[PDB]
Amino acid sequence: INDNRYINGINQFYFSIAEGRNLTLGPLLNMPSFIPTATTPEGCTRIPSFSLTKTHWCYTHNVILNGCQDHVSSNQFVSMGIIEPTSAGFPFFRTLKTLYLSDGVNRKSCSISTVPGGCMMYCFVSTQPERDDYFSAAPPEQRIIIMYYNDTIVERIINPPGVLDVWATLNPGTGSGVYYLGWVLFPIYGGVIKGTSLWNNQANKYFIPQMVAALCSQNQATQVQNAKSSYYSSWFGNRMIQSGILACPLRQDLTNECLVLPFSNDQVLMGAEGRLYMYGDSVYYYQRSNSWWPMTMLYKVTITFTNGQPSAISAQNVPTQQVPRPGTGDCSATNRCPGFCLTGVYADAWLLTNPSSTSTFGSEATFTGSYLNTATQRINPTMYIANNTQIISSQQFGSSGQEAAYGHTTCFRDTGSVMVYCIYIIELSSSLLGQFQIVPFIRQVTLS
């Protein structure tokens, strides 16, 4: 279990609104990396997922032997452990168990979550290029693997209701899932088939971030028209790209008990990868900006239970215009107008302040993470701290031109020294070993 210094400083809003204004990033600290490196120049390690809870943490990433493209073979590395203080005062992520799922099943886009006594991981089995998944009416095989600290492993092929003949494809968001009221929730996304109930119930719905008006040159009527069209992709089999949550009861004999809960397209942007968080008793969702709006998307999620089962989810966006992501064409970091984009990168963010602490939800919110500081290239990885409109602290890593990709950020507090540490898991392009080197950067978020 995690050291006494951290058990009470996990999954919480660490600073008050007033303190958020005076936060800065401290130097990067050196700790032994718990994320394994490739041992060949061409080896590819990508798509990390990290879950940290009161008792322990779970980590995983995909491994492809040659290059970063394969719709046939790949392995998935899983790791779990605890956090303990070093003589210098900062954290050391102590790995207590390692697993390497290597058996011919092409498990991809995996999301992992901490569960009592272990980790629960959700993946889909890839057997063809992603685009092909959207055209085929049949969805890929879905799997949830439970790995207990006592080395017992139980993998199940799941068939949640409302998936077959509704979703042409379904993928975990790769971002961490969360254990909530006895259920494990994972972010999901995919393409819905035209004519289905879901498609019809979503017809004419759209979402436009609160701060777009002041930045978009198009009029309200034009924005609305373009936003509605941003949820449909002709390139991806003419499917409605949908975001949602997969709720699975913690059982070892899962079959069709997991529930697919899609977000209303009136509250969320075009479906994309994502991540779920827990701040106190509140669930939050991060949605990758793979559509027209290039800014960080965070939402407070309200989950409704009907007869002990999740029945519906509602999302309230934290309005911001900060931390853009690189995109292609008319969907770069400089875009502000609705339309149809299918480009971007995964770059989640951690809320250091409570959005509900202000009279108007999210009026003054502070968050931290990493982002690729450029308009269209996946370059210049930069760790930051920002509020709704400005970056109040940042530090680029490496020299300009340094390639990078996804960035998963997680923060926790040392209740002993009373300092907050954040880990920024970034996929860095390396010139020595492997295509990428996933690095768990760690530093303090200083108040002052």
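Start at 1 and count along the sequence shown; that's the residue number.
Given that the flanking residues are present, does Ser79 go without coordinates in at least a third of the other entries of this protein?
No, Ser79 has coordinates in all the other entries compared.
Other entries omitting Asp70, at least a third
Residue status for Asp70: gap in at least one third of the other entries.
Can you tell me whether 244 to 252 has a higher mean C-alpha B factor than 100 to 108 in this record, or the other way round?
Mean C-alpha B-factor is greater for 244 to 252.
Mean C-alpha temperature factor, higher of 55 to 63 and 415 to 423
Higher of the two, by average CA B-factor, is 415 to 423.
Maximum C-alpha temperature factor, selected from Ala349, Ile83, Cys123, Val323
Spelled out: the listed residue with the top C-alpha B-factor is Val323.
Could you tell me which one of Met295, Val224, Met147, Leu185 shows the highest CA temperature factor in the PDB record?
Each of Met295, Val224, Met147, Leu185 was compared by C-alpha B-factor; the highest is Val224.
Per the entry's values, where does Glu273 land by CA temperature factor relative to the rest of its chain, in the lowest, middle or highest third?
According to the entry, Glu273 has a C-alpha B-factor in the chain's lowest third.
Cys68 CA temperature factor, ranked by third within the chain
It falls in the top third of the chain.
Position of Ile7 among the chain's modelled residues by C-alpha B-factor, lowest, middle or highest third:
It belongs to the lowest third of the chain when residues are ordered by C-alpha B-factor.
Select lowest, middle or highest to describe the third in which the CA B-factor of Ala18 falls within its chain in this entry.
For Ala18, the deposited C-alpha B-factor lands in the highest third.
Can you tell me which third, lowest, middle or highest, the CA B-factor of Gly162 falls into for its chain?
Its C-alpha B-factor belongs to the highest third of this chain's values.
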